[PDB]
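**Student:** Before I ask anything, here is the structure I am working with.
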Amino acid sequence: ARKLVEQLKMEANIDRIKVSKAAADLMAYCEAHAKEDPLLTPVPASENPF
Amino acid sequence: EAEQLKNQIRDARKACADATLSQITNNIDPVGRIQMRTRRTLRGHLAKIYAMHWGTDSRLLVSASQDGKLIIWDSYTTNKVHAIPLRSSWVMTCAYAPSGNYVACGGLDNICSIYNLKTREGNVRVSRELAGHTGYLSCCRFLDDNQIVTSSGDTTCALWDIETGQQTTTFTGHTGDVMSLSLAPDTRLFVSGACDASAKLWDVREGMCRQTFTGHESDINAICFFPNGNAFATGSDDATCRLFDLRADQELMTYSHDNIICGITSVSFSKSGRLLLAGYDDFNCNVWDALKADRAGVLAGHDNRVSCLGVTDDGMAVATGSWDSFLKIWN
Amino acid sequence: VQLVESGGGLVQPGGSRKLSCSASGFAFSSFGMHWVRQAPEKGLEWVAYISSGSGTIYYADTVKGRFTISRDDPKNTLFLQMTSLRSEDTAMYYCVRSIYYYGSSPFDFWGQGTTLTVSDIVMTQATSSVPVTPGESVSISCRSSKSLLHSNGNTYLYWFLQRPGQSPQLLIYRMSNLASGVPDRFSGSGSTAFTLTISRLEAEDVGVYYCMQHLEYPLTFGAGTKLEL
Amino acid sequence: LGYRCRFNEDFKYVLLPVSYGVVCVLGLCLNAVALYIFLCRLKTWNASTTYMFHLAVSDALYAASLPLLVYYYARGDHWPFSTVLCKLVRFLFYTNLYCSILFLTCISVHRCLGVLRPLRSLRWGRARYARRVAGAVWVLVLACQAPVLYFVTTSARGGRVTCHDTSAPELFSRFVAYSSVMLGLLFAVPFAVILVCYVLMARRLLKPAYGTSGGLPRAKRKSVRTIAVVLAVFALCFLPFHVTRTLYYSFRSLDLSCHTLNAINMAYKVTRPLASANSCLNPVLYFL
Amino acid sequence: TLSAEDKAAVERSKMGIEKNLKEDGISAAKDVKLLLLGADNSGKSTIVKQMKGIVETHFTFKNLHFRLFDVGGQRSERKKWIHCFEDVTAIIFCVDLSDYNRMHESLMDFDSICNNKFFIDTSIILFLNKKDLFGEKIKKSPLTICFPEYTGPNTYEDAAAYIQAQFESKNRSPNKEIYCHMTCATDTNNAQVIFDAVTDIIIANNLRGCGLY
Ligand SMILES: Nc1ncnc2c1ncn2[C@@H]1O[C@H](COP(=O)(O)OP(=O)(O)OP(=O)(O)O)[C@@H](O)[C@H]1O
């Protein structure tokens, strides 16, 4: 049980901050790479490998 | 003391959650109906296909099936490049080395075999056989040509040096069978989902668990990293897909519907992380908007349970395997 | 890997002889096989080809009907039966292995040829003899009548270096594709005027350099470009 | 065609039109929906599904051949169309009637082999074999029913032009010989093979296992019930029709008093609707 | 196909690799896959050794290549790898008739296995071994120690029929069938019993697949 409580105590120090920014990070990653995604904006058949 | 620590962790989780992801995301338009059609169909496998993996060149893929065959396919021209016989037909996972010189597989044999693709004799031969896991092999991913991380049903995950053939590290702390693992883009951390309905983030260099996530109700069957590397998604046997965050260290989004009552076999992300693809037991594969809670499309080309799923490194295609012994590439 | 031939000798005009290739150290059945001829005028010439599993068979424009190429995979032997030998057949023939799949390197290994005595897309190598200065980088070029850049992006120009008293070595299989076991100082580029560049040239690379094409079934070698130190 | 003994046929001009029309409508609808399910609800076929598909297409073609016959019989045995049209329609009629019988024989043999030699006749690659068998059956029945294209013609009777289901009245001996040969080859062998297969397969199915408990399994009893139902339906639909046609042709070749010829005419042309109705009954029987 | 090397690659894929795939598929359809289940010291090992991670045992009896997969070495969760043995011909379940705690444990395990969703249409060959030991023990001790609701005679045949009826009571699927068998350590016709059982199962599979219902 000492190992479990020691791991739990060490797991306490994470400095979790800004859940709103934790969502805005995924927002910004999806926004900035939107044009690079071929599935999001389908490519023409001339430039499609398939 | 453990209960007090858990209560402190819960309080710290609640202290940060000022805004829910569903509220902020309402200001952008959805992706709409994602129209994706089958382009190729690989028709060489006989028994049920259990795992498949893409190569980093986004043209070659490796697939594993119950008939004891590792087949490498040319996705563009449908040609089969290699056919590797397996000693044990009960393969549950397969991997492609980032360089492209090696493939790996494992299953109920409790052995993670490694095969050499580029030899001098012109045939693919087995390079190393890694042993030490007590339970079945459920997932394996290369770090490089010499390092591979495996997960097993003995509630442990391990890191191996292929040349040495022994476990460098053993990751311990799960109480249920570990079902899947996913590597970070930098290959410095990974997440493993277990049968204890919990996901744990690991440190390959340190060798100890860093964070634990306890959102799901049943056993987690599939995990996958977000492309940015600070988030991941899970798929469990309660018709639910959930999105966690490493920094916030709690659940962020939930991907479920009332009409969905079957477990999730595989999950995968897109290049931008906007589309979350998940295979189900409805014999289908539902495309989810990651930022929202709304479904965006269905990959209904399979007549059997979809067992494996993945997206290419350039994001131009999606390959889905299933128990109907076929692989389909969707664009 | 080891390809060894035999059955070479003096042949009277109008006679017949057979060439045999002995192979070991590699999966013979998965490899397609070649026969390449070199006259004593330092010119390589392709003769016949057989595919893996004895399927597709090709013959040269000058030996068709006269020659026959056959193989048996269980015995790991490749045969070449030639009938009514002419004075133009006085040359030494090589046994070349060549496997074909996505990303493979064809023409990778060459055997030790046996001499025989009997008593398209043209490749241009205008440079014939070039003084080689050790320690100084050199450049070797080749020319083609028809562009080798195919629609699938594969430009089939091959590079072979023939050491004196030795078989050719596959330096480069497709353009800017360094082969296996070849030092990194070599480099290939081009389009159609291609070029092989050897940065920081050292010793033990003196020989005759040839350029080859794999676009069409009529397969043509280049003229002998020689580096003399 | 000035026959000595003129028959009395008033039943036919009412019975055969309505029967053929109802059978045509029902069989066309059932075979259309059967092809729809066999081509859309699934596209993975085993050695039996191909046989059912080919039987369905034979039944559909047989039903499609019917509108000309119902029109001709409802118009009082009058033919207003060309000779080649009626030759083709009779050829299609008999070709599909015997093709359905051959496909039923194939299904019976397949079931009897799946029960009597289960492991051997089941664990192999057995789809191209079914396709080859179906193609061979199609080719054989087409080559066998080709002579009716030559045989069938038209001939007027004092202002009454009619189409001959048999040959012309002058070449009747050769048609009778050919019809007897075809009756033998394409009825007696398939009927006997179907009967033997189903009887032996039911006999095997009645045998209990070793470690079984209770009575016979519900599967092994409903299978025998379906065997008996299929065999009885086939017999009722085809055996009286063929025996009546044999007696009809034999007594036409060797004449008797007018009463006997009228009676055999009545019997044969009231047994015709059963052989017609087998085609629409087949999808129901093979769906139940 | 538009290039010579592409032509040769397509020829390789369609002529060599597909040839080996077809040959492997032809040679892989001759075998019979059987799952082996039971308790510890229940005779499960001693019958598979008499005929002869995961323990794969194979033998040929009547031009049939039986493959018995002993999964008893798996200490992990059963509900995570039970779907792998979906296409098995049958399940061979071994039950020891000597003791009673393992008897009730085997009742629970048989109930769990029989009503599994992946095995609704999968027949079961149930073995009740150590019958000599069971009779020798029951000639001096009653079966009421095991089943308190047992009201029949304390004789070998009546007791054994009661246990056999107890196990078959767990079946609630009409399509499934349990092929019970009484065997001992010196019994040698077990392979024959499995042969007739799998023959019957194959007959029932043909009946199901022929559209005869
Ligand atoms: N021996 C006969 N005596 C009198 N009439 C006959 C005789 N044989 C045939 N017919 C008449 O000839 C007509 C057609 O002759 P045919 O044999 O070609 O047709 P069928 O087989 O008898 O049956 P259907 O006439 O309905 O098509 C019939 O309507 C029948 O009335």
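Note that we place each Cβ from the backbone using ideal geometry, even for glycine, and neighbour counts take in every protein chain shown. Each answer follows from the model by the rule given with it, or from the source it names; none is laboratory data.
**Student:** Counting only residues that are within 12 Å of another protein chain (Cβ to nearest Cβ), give me the helices (runs of 4 or more DSSP H) lying completely in the range E:1-98 with at least 1 of them.
**Tutor:** In the range E:1-98, E:4-12, E:18-28 are the helices (runs of 4 or more DSSP H) which contain 1 or more residues that are within 12 Å of another protein chain (Cβ to nearest Cβ).
**Student:** For the range C:214-229, how many residues meet the condition of being outside any loop (DSSP other than H, G, I, E, B) and within 12 Å of the chain's Cα centre (by Cα)?
**Tutor:** Counting residues in the range C:214-229 that are outside any loop (DSSP other than H, G, I, E, B) and within 12 Å of the chain's Cα centre (by Cα) gives 1.
**Student:** Next question. Go through the range B:136-153 and count every residue that is touching a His at 6+ places or on another chain (Cβ under 7 Å) and surrounded by fewer than 19 Cβ atoms within 10 Å (Cβ to Cβ).
**Tutor:** Total meeting the criteria: 0.
**Student:** Filter the range D:276-285 for residues that are more than 13 Å from the ligand (Cβ to nearest atom) and crowded, with 19+ Cβ neighbours inside 10 Å and give the result.
**Tutor:** D:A277, D:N278, D:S279, D:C280, D:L281, D:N282, D:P283
Results for (1) buried (at least 20 other Cβ atoms within 10 Å of the Cβ); (2) hydroxyl-bearing (S, T, Y); (3) outside the structural domain of C:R97 (by TED's automatic domain parsing); (4) under 28 Å from C:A60 (Cα atoms), shown as yes or no for each residue.
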| position | (1), (2), (3), (4) |
| --- | --- |
| C:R143 | no, no, yes, yes |
| C:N152 | no, no, yes, yes |
| C:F160 | yes, no, yes, yes |
| C:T192 | no, yes, yes, yes |
| C:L196 | yes, no, yes, yes |
| C:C211 | yes, no, yes, yes |
| C:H214 | yes, no, yes, yes |
| C:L229 | no, no, yes, no |
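**Student:** Tally the residues that are in a strand (DSSP E or B), among the hydroxyl-bearing types (S, T, Y) and over 19 Å from B:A97 (Cβ atoms), restricting the search to the range B:139-167.
**Tutor:** 2
**Student:** Look through the range B:1-33, keep the residues that are facing chain A (nearest Cβ under 7 Å) and outside any helix (DSSP H, G or I), and return whichever of them is nearest to B:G215 (Cα to Cα).
**Tutor:** Going through the qualifying residues, I end up with B:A17.
**Student:** Only strands (runs of 3 or more DSSP E) wholly contained in the range B:264-331 count here; list those with 3 or more residues that are closer than 23 Å to B:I72 by Cβ and in contact with a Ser or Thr (Cβ under 8 Å, 6 or more places away or on another chain).
**Tutor:** Per the criteria, B:308-311, B:318-321, B:327-330.
**Student:** Are any residues in the range B:34-46 among the charged types (D, E, K, R) and within 9 Å of chain A (Cβ to nearest Cβ), and if so, which ones?
**Tutor:** B:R39, B:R40
**Student:** Tell me which residues, restricted to the range D:1-48, are in a helix (DSSP H, G or I), within 12 Å of the ligand (Cβ to nearest atom) and among the basic types (K, R).
**Tutor:** Scanning the range D:1-48 gives a single hit, D:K12.
**Student:** Follow-up question, since we're still on this one. Any chance you could count how many residues in the range D:238-269 are within 12 Å of the ligand (Cβ to nearest atom) and surrounded by 15 or more Cβ atoms within 10 Å (Cβ to Cβ)?
**Tutor:** Counting residues in the range D:238-269 that are within 12 Å of the ligand (Cβ to nearest atom) and surrounded by 15 or more Cβ atoms within 10 Å (Cβ to Cβ) gives 13.
**Student:** Just checking, does the range B:113-127 include any residue being under 30 Å from E:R67 (Cα atoms) and in contact with a helix residue (DSSP H, G or I) (Cβ under 7 Å, 6 or more places away or on another chain)?
**Tutor:** no
**Student:** While we're on this one: Taking the stated definitions as given, is C:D89 loosely packed, with under 15 Cβ neighbours inside 10 Å and outside the structural domain of C:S191 (by TED's automatic domain parsing)?
**Tutor:** No, not satisfied.
**Student:** Could you count how many residues in the range E:99-123 are assigned to a helix (DSSP H, G or I), among the small types (G, A, S) and touching a strand residue (DSSP E or B) at 6+ places or on another chain (Cβ under 9 Å)?
**Tutor:** Looking only at that region, the number is 1.
**Student:** Let me ask another. For the range B:47-96, which positions are at the interface with another protein chain (Cβ under 9 Å from one of its Cβ atoms) and among the charged types (D, E, K, R)?
**Tutor:** Within the range B:47-96, B:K48, B:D57, B:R59, B:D67, B:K69, B:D74, B:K80 meet the criteria.
**Student:** Among the residues of the range C:168-213, how many are among the hydroxyl-bearing types (S, T, Y), part of a loop (DSSP other than H, G, I, E, B) and more than 17 Å from the chain's Cα centre (by Cα)?
**Tutor:** The number of residues fulfilling the criteria is 4.
**Student:** Answer yes if at least one residue in the range D:130-141 is more than 16 Å from the ligand (Cβ to nearest atom), exposed (fewer than 13 other Cβ atoms within 10 Å of the Cβ) and farther than 30 Å from D:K87 by Cβ, and no otherwise.
**Tutor:** Within the range D:130-141, one or more residues are more than 16 Å from the ligand (Cβ to nearest atom), exposed (fewer than 13 other Cβ atoms within 10 Å of the Cβ) and farther than 30 Å from D:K87 by Cβ.
Yes/no matrix, rows are residues, columns are (1) under 23 Å from B:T20 (Cα atoms); (2) within 11 Å of chain A (Cβ to nearest Cβ); (3) under 14 Å from the mean Cα position of the chain (by Cα); (4) basic (K, R):
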site	(1), (2), (3), (4)
B:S198	yes, no, no, no
B:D203	no, no, no, no
B:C209	no, yes, no, no
B:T212	yes, yes, no, no
B:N221	no, no, yes, no
B:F232	yes, no, yes, no
B:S236	yes, no, yes, no
B:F244	yes, yes, no, no
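**Student:** When you scan the range D:46-64, do you find a residue that is of a type outside the set (D, E, K, R), out of contact with any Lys or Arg (no Cβ under 7 Å at 6 or more places or on another chain), farther than 19 Å from D:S100 by Cβ and surrounded by fewer than 19 Cβ atoms within 10 Å (Cβ to Cβ), even just one?
**Tutor:** yes
**Student:** Let me ask you something else. Which one of these is surrounded by 17 or more Cβ atoms within 10 Å (Cβ to Cβ), over 20 Å from B:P227 (Cα atoms) and at the interface with chain B (Cβ under 7 Å from one of its Cβ atoms): A:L39, A:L4, A:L8, A:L26?
**Tutor:** Checking each option against the conditions leaves just A:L8.
**Student:** Please go through (1) among the charged types (D, E, K, R); (2) surrounded by fewer than 21 Cβ atoms within 10 Å (Cβ to Cβ); (3) farther than 25 Å from B:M92 by Cα for B:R188 and return the number of the only condition it doesn't satisfy.
**Tutor:** (3)
**Student:** How many residues are of a type in the set (K, R) and assigned to a strand (DSSP E or B) if we restrict to the range B:76-87?
**Tutor:** Matching residues across the range B:76-87 total 1.
**Student:** Next question, about the same structure. Would you mind stating whether C:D73 is among the charged types (D, E, K, R) and over 28 Å from C:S180 (Cβ atoms)?
**Tutor:** no
**Student:** Further question on the same structure: Residues in the range D:229-239: is at least one within 10 Å of another protein chain (Cβ to nearest Cβ) and closer than 17 Å to E:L207 by Cβ?
**Tutor:** Within the range D:229-239, one or more residues are within 10 Å of another protein chain (Cβ to nearest Cβ) and closer than 17 Å to E:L207 by Cβ.
**Student:** Here's a follow-up. Within the range D:175-196, track down each residue that is touching a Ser or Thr at 6+ places or on another chain (Cβ under 6 Å) and farther than 17 Å from D:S100 by Cβ.
**Tutor:** Scanning the range D:175-196 gives D:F175, D:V176.
**Student:** Here's a follow-up. So which residues in the range E:151-164 are out of contact with any helix residue (DSSP H, G or I) (no Cβ under 7 Å at 6 or more places or on another chain) and more than 16 Å from E:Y100 (Cα to Cα)?
**Tutor:** E:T151, E:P153, E:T155, E:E157, E:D158
**Student:** Let me ask something additional. Can you list the strands (runs of 3 or more DSSP E) found entirely within the range B:88-135 that contain at least 1 residues being of a type in the set (A, V, I, L, M, F, W, C) and surrounded by fewer than 16 Cβ atoms within 10 Å (Cβ to Cβ)?
**Tutor:** B:125-131
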